[PDB]
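Read the single chain below, which is given as structure tokens and is the form deposited in one PDB entry.
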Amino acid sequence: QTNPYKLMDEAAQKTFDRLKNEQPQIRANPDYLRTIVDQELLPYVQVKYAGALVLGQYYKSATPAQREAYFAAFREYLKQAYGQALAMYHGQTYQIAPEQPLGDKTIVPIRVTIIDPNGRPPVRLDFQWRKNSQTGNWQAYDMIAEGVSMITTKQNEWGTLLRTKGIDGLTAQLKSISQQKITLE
């Protein structure tokens, strides 16, 4: 399947299936959550498009080798960070927005609501899907989470680091963060 609603449905279903049913494996090795991210989610993420946007002005002035190193570190960072997000699983489930015709739409926002029955209030995610012009595949290049863009958030969080130490500095920080072990609550 190739339609971005169907990709959302599949990725959600598979991820929650493994979270629901493989807690022994996750408790035994929390880093297994990085594998779930790597297999079920990351292939559908437009990592370089997002990463370039996070860099902003610093992307244009970076060399190809700097860019390569940055994108590698950024990908590893995403595995760690969203692995750590999956570590917050405690029986939540999800509802995805219903499929709508694609038409000639170029960027398709697809909402998923993370529901915690009898627990915490809903968490609204809005994935920004577009067609990768090179690969021909639909991918998400950003996620709005609780009303905050992940790209924008990271621009803000890493702004001073970029202003003072540039893409080299950010690459080193991403690599550092990606090496932190995932922890369960």
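Whichever C-alpha set is largest while still superposing within 1.5 Å between the two forms counts as the rigid core. Each residue number is its position in the shown sequence, starting from 1.
Separately, the form deposited in another entry exists; it is not shown, and the next lines address it.
Only one of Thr63, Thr160, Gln39, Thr135 has its C-alpha shifted by 2 Å or more between the shown form and the other one once the core is superposed, and that residue is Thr135. Positional change of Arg111 between the shown form and the other one reaches 2 Å or more at the C-alpha, relative to the superposed core. Once the rigid core is overlaid between the shown form and the other one, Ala72 does not reach a Cα shift of 2 Å, moving by less than that. The Cα shift for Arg27 between the shown form and the other one, taken after rigid core superposition, is smaller than 2 angstroms. Whereas the displayed form keeps them at a certain spacing, the CA atoms of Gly51 and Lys154 lie at least 3 angstroms farther apart in that other deposited form. Between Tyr77 and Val148, the Cα spacing is smaller in that other deposited form than in the shown form, differing by no less than 3 Å.
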